[PDB]
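Heads up, the Cβs are rebuilt from the backbone with ideal geometry, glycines too, and the neighbour counts pull from every protein chain shown. Just so you know, all these numbers are worked out from the coordinates, no wet-lab data involved.
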Amino acid sequence: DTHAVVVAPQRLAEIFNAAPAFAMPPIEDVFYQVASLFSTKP
Amino acid sequence: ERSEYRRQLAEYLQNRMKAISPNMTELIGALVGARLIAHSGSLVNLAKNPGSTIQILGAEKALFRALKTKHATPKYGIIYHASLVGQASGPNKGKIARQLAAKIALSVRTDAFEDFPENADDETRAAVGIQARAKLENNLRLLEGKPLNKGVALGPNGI
Amino acid sequence: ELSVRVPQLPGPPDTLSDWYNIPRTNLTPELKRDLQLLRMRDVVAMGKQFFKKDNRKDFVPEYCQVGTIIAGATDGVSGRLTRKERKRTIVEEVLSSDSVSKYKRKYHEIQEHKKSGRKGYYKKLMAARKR
Amino acid sequence: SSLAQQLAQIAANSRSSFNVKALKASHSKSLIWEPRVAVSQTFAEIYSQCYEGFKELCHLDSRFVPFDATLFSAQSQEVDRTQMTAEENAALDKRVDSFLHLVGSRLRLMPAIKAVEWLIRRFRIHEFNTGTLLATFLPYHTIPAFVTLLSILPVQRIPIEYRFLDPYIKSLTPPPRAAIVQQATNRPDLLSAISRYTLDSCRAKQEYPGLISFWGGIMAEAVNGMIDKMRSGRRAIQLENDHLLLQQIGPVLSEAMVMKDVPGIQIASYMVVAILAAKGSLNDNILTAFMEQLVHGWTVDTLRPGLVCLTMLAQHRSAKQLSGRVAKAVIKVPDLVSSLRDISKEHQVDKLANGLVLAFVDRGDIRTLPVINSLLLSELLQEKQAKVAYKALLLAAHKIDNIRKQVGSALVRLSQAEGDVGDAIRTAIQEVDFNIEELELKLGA
Amino acid sequence: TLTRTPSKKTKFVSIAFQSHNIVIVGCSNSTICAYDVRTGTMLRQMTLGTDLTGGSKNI
Amino acid sequence: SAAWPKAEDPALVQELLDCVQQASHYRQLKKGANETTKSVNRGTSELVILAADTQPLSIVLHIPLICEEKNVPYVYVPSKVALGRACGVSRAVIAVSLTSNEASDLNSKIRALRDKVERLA
Amino acid sequence: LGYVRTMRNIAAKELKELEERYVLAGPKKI
Amino acid sequence: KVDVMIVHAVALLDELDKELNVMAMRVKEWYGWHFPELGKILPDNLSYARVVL
Amino acid sequence: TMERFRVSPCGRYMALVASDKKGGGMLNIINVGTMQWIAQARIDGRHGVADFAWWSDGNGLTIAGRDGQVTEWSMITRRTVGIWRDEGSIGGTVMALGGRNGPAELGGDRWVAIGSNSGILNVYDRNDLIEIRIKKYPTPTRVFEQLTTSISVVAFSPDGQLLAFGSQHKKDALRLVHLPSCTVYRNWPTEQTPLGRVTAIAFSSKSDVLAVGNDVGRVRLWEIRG
């Protein structure tokens, strides 16, 4: 059985702050980064 | 002819500082690294210096006058004309100056004492410099993206 | 060809535009001693050369700049200070000059005249009465 | 000073200039030219330079011809906004909003800034349409163009949700993303304004990756911060906070998940749903509702990120089996077990696989048989889940009243699986205590 | 010299070898040290409590 | 490796860390590589303890050079985290340097401890 | 503290120089 | 690698900088007698030398 | 003295720490139903045995002794299975050991918490403890540096989900950690939660009630619902 993962807003904000809105990697790569951050795999 | 000789001398100096200490070159640049090597005398004599000393290399006159008069000491030396502190302004410039001095001390110790099996790329030799540069730039962009103070938005009446 | 502007919208004047931008006085204590000397130069050249008595309330001007005479191309063997006399401040030049013994002598004369009968004289008289 | 208060209300709501100094200042406020020439700059040369810029814009992209007809015309040289009636002003607001949504993509170019300089210096967008203009300049919140727009904006026309730019107008520095997301997680007004703006743009099919990435990032960090606010421990308060979050978000995520035509905004919505499911602890019905709309909404361009979000949803559910239409759409997925192995390389797909197996077992069609067999031989379930799955499969084979032939072929195929899942099937048969020889003979004879 | 114990009052009173490279020394501060000969290191330090029969608290 | 005056005996490591904790309470201590460097250069450092678990060893290998030039004893303890929460920092210190004064029980302990370090050498 | 540190550094260099010069001026051998 | 090359090279670079400055201003005052509007228009000293060439 | 002792969850054995320090501490194991000495386990340290705990199936016991050493010593072969070291703890003070579904050869207790005297509490995973061989320098699943002073009391939930650890020397040093996430609960204790100087803590058998008793001598109760 699983539980709700915990994440640090510093890490998430660093991921989204690494580039401006324009000239960021596309939304697919950004989504895989976010899902990998939130993935509950040991 | 003198100007072309200066330009090719600077290219030689960049090549030579890259050959000697790739960590400091990946950190700040061959020119300011050469200035630090000059003011210290030798690479080992620089590696013997701590981080605060590398911060205030070059500002010795103002430093010792301020210390002997109980004034406030200068914040930085040649690290100013280094590149990475040039993006900041004021207090963030001072904080980047401290952090760059400490990481420069780390990188110069690594470049002057680590041993390598000589079939080693310049990249895996300057890994410490590359990692320190990326981390320090992240700290700088964070200090630049620090938000200002929130204020009460008053309407037309004063409410 | 036509770029976006950058908005740079955020007392006494800094530079006198009508006098080719002389800076405001950075009132270092060395400058304050120099200005005391320049208001006091009737006493420095002790008696040998008097000056027009210019005495205002504040002796610091609002605009100054410390300088040095460079050179006269017509006079360069006696109209030129040696290296061992080129002092940084005017008051350093004055102390390196002569007659400092003369200043000290006159100062001791004034000190005797002012301690003439003030309190040491009265202590002396009181001891001579009580003895 | 009640009279002074009512009068200041009138003075802030007033729109036209009425003395010469107010006219000169309101005409001097400009983007490109400095104010010293912007005072003495008349409308002919303004229209000449900015019409040249708009011409360059029309040679960039095609759909600027209606605004060539109606906003950049030789009569719009002369037309004054404050002398038209309220409905003419409303139609003008619609045309301005359409042009702003259209020009939002290429704002970093001097042609687009020239066009916006025309709109500001003639139609006074910075005094009459501050909401849409400020939302359109919002995604570019680092560039000096946004710094100048922040300068020329009048302080009292800024609406309430954007009223957090007051210290930056005081000190003209571009506000950082930390400030934007912090105001987003406090006020729901700014968040709803950004989401309304971007959904309007995506309905008008004038979106672009910069705006979509901005909206996704701001709402993602905003939902993170808002859940970090909503977590309160007392059961009633966290239930009310969950309902409040869902009522504040639900329409935005619904339209952004069902919107087919823009896979950018659909993937951004999937990111928001993934964070909202993994971090915030929701309920089973809300999670199955998210799955139902997601499988109703994906396409081929978003299939694999959609499966990532489905994996995280099924992982963070509480129950074990899935609801129906999700099973139908994942039947329709072409390469399921290969994709799930690709995801399981980093994401622990076990609960999703188990839910699919139980749903297909409860489905009495037999066109699911290759998917059921591939899922069981996939080694993507846990061994207990595989055992109870085979048990329920045999229970359905008993429940059935052809079908028996197909399930017999599948059952003997699973019984003669080779690996650890074959070990699990054998011990499951041994623990349920039925005869593999009885089923083999009844299905073979 | 392989090593020396940190305390100067540590006196070595017995020695026997476990294998080709591991030496077991018995030490008068109630100690049995297991050193390794090749690098001259200290594998471990077995110890014993006080003697509770009389005084002289070191075994 | 290059960590040749290594302190491996656990009783020796325990004595060194107890002495470091005591001197830290007396503020007779300098924590960190740069403050160790400054104290050794100014010649006030009575004894200096390094950590062997630094991942680049070169960031601390310079200290024995000036230590040999100034004739002050240096000794490597294993764990930088152990040295850290012995100092009382909750950060991993890698080089601590504890000085002397006119008279203290810690001064006598420092004399005995550098005697033990000389034994280790 | 900084000022006292600088004065102590100066005094330490002078003490080293003076002890050296004093020793140079003025069962040992077997 | 030996860094006495680094020390001597950066000292030579500083000496060369001051020497380049004084020779460039000298060619400025030594050609401006024939053409001073050039010195007014071109501030970059290497470009000054190239245009005199 | 017979002060510190622990009873096995099997209830057959009970362990007493001897008062014989001399750089190495031993503890005697006594059969309970007859109250007879049956065995003696001895570890090497600097002052002896800080704390210890039986295993969940009750065959071996884990002794955390000062100078950071930890010995797992079984009952079946009645000698030491293994020895490791807490990462840089300058001296252990208390330990606890709980959870389910761990290493079946090491007793099946999944989580082990060791609180030093610096205030640092390391939480190790006992499947990660295995390289029967034991890794000499295991890495903690998480290091806690929340509390400032010396860790006094540690207790796991009997359901292996909660971990309460508290320091006494400061007014109100108590924290609550969920497992296996290893995150400190941030909404309790608040600045006005009347703990006191937390001297003893205890979870109920069904893990519904947390009981805290302070040095003034009062006991307080919190239900623990999710």
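Annotations for the structure displayed:
- Filter result for D:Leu313 (crowded, with 17+ Cβ neighbours inside 10 Å and either charged (D, E, K, R) or assigned to a loop (DSSP other than H, G, I, E, B) (or both)): no
- Those residues of chain A which are among the aliphatic types (A, V, I, L, M) and within 21 Å of D:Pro139 (Cα to Cα), in sequence order: A:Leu12, A:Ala13, A:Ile15, A:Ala18, A:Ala19, A:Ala21, A:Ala23, A:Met24, A:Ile27, A:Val30, A:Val34
Matching residues to (1) away from chain F (no Cβ under 14 Å); (2) out of contact with any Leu (no Cβ under 9 Å at 6 or more places or on another chain); (3) under 28 Å from B:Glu123 (Cβ atoms); (4) surrounded by fewer than 23 Cβ atoms within 10 Å (Cβ to Cβ):
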{"position": "B:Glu1", "(1), (2), (3), (4)": "yes, yes, no, yes"}
{"position": "B:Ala10", "(1), (2), (3), (4)": "yes, no, yes, yes"}
{"position": "B:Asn15", "(1), (2), (3), (4)": "yes, yes, yes, yes"}
{"position": "B:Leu36", "(1), (2), (3), (4)": "yes, no, yes, no"}
{"position": "B:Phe64", "(1), (2), (3), (4)": "yes, yes, no, yes"}
{"position": "B:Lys70", "(1), (2), (3), (4)": "yes, yes, no, yes"}
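- Residue within region D:20-27 that is in contact with a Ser or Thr (Cβ under 9 Å, 6 or more places away or on another chain), polar (S, T, N, Q) and part of a helix (DSSP H, G or I) present: yes
- Residue match in region E:4-18 (condition: within 14 Å of chain I (Cβ to nearest Cβ) and either of a type in the set (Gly, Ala, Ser) or more than 19 Å from F:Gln14 (Cα to Cα) (or both)): yes
- Flag if I:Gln36 is under 20 Å from E:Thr50 (Cα atoms), away from chain F (no Cβ under 14 Å) and more than 17 Å from the chain's Cα centre (by Cα): no
- Reported count of residues in region A:1-41, each being among the polar types (S, T, N, Q), within 29 Å of D:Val300 (Cβ to Cβ) and more than 7 Å from chain D (Cβ to nearest Cβ), is 1.
- Taken over region D:1-32, the residue count meeting the criterion of being out of contact with any helix residue (DSSP H, G or I) (no Cβ under 8 Å at 6 or more places or on another chain) and within 14 Å of another protein chain (Cβ to nearest Cβ) is 15.
- Qualifying residue in region D:244-256 (condition: within 19 Å of A:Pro9 (Cβ to Cβ), within 12 Å of another protein chain (Cβ to nearest Cβ), β-branched (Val, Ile, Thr) and out of contact with any strand residue (DSSP E or B) (no Cβ under 8 Å at 6 or more places or on another chain)): no
- Residues of region D:92-120 that turn out to be buried (at least 21 other Cβ atoms within 10 Å of the Cβ), more than 12 Å from chain A (Cβ to nearest Cβ) and in contact with a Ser or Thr (Cβ under 6 Å, 6 or more places away or on another chain), as a count: 2
- Helices (runs of 4 or more DSSP H) contained entirely in chain H, each with at least 1 residues that are away from every other protein chain (no Cβ under 11 Å) and among the charged types (D, E, K, R): H:4-31, H:36-41
- Residue among I:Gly58, I:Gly33, I:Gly25 that alone is in a strand (DSSP E or B) and either closer than 30 Å to F:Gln21 by Cβ or not acidic (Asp, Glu) (or both): I:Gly25
- Test: residue in region D:116-138 that is farther than 30 Å from D:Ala11 by Cβ and out of contact with any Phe, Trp or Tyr (no Cβ under 7 Å at 6 or more places or on another chain): no
- All helices (runs of 4 or more DSSP H) inside region F:1-96 with 1 or more residues being within 12 Å of chain I (Cβ to nearest Cβ): F:10-25, F:80-87
- Residues that are surrounded by fewer than 11 Cβ atoms within 10 Å (Cβ to Cβ), among the hydroxyl-bearing types (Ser, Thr, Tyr) and assigned to a loop (DSSP other than H, G, I, E, B) within region E:2-22 comprise just one, E:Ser19.
- Checked against (1) surrounded by 21 or more Cβ atoms within 10 Å (Cβ to Cβ); (2) within 12 Å of chain C (Cβ to nearest Cβ); (3) aliphatic (A, V, I, L, M), D:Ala135 meets all criteria but (2).
- Of all residues in region E:30-43, exactly one satisfies the criterion of being surrounded by fewer than 16 Cβ atoms within 10 Å (Cβ to Cβ) and facing another protein chain (nearest Cβ under 8 Å), namely E:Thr41.
- Test set (1) touching a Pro at 6+ places or on another chain (Cβ under 8 Å); (2) closer than 19 Å to D:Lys29 by Cβ; (3) of a type in the set (S, T, N, Q) - D:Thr142 fails condition number: (2)
- Flag if F:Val117 is outside any strand (DSSP E or B), over 16 Å from B:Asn49 (Cβ atoms) and within 14 Å of chain I (Cβ to nearest Cβ): no
Listed here are the residues, each with its yes/no results for (1) in contact with a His (Cβ under 8 Å, 6 or more places away or on another chain); (2) surrounded by fewer than 13 Cβ atoms within 10 Å (Cβ to Cβ).
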| site | (1), (2) |
| --- | --- |
| D:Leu3 | no, yes |
| D:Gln9 | no, no |
| D:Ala12 | no, no |
| D:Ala22 | no, yes |
| D:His27 | no, no |
| D:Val39 | yes, no |
| D:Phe43 | no, no |
| D:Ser48 | no, yes |
| D:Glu52 | no, no |
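- Listing of helices (runs of 4 or more DSSP H) fully contained in region D:144-232 that carry 1 or more residues being crowded, with 18+ Cβ neighbours inside 10 Å and within 14 Å of chain A (Cβ to nearest Cβ): D:144-152, D:177-186, D:188-203, D:209-230
- Residue tally, condition surrounded by 13 or more Cβ atoms within 10 Å (Cβ to Cβ) and either under 9 Å from the mean Cα position of the chain (by Cα) or in a helix (DSSP H, G or I) (or both), over region A:8-35: 15
- Selection of region D:55-82 for residues being outside any helix (DSSP H, G or I) and either of a type in the set (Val, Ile, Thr) or more than 33 Å from the chain's Cα centre (by Cα) (or both) yields D:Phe72, D:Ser73, D:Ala74, D:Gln75, D:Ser76, D:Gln77, D:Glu78, D:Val79, D:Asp80.
Conditions (1) more than 14 Å from chain F (Cβ to nearest Cβ); (2) not in a helix (DSSP H, G or I), marked per residue:
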{"position": "B:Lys61", "(1), (2)": "yes, no"}
{"position": "B:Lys75", "(1), (2)": "yes, yes"}
{"position": "B:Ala102", "(1), (2)": "no, no"}
{"position": "B:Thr110", "(1), (2)": "no, no"}
{"position": "B:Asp115", "(1), (2)": "no, yes"}
{"position": "B:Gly129", "(1), (2)": "no, no"}
{"position": "B:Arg141", "(1), (2)": "yes, no"}
{"position": "B:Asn149", "(1), (2)": "yes, yes"}
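- Considering residues of region C:4-45 that are within 30 Å of D:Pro174 (Cα to Cα) and of a type outside the set (A, V, I, L, M) only, the residue farthest from the other protein chains (Cβ to nearest Cβ): C:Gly11
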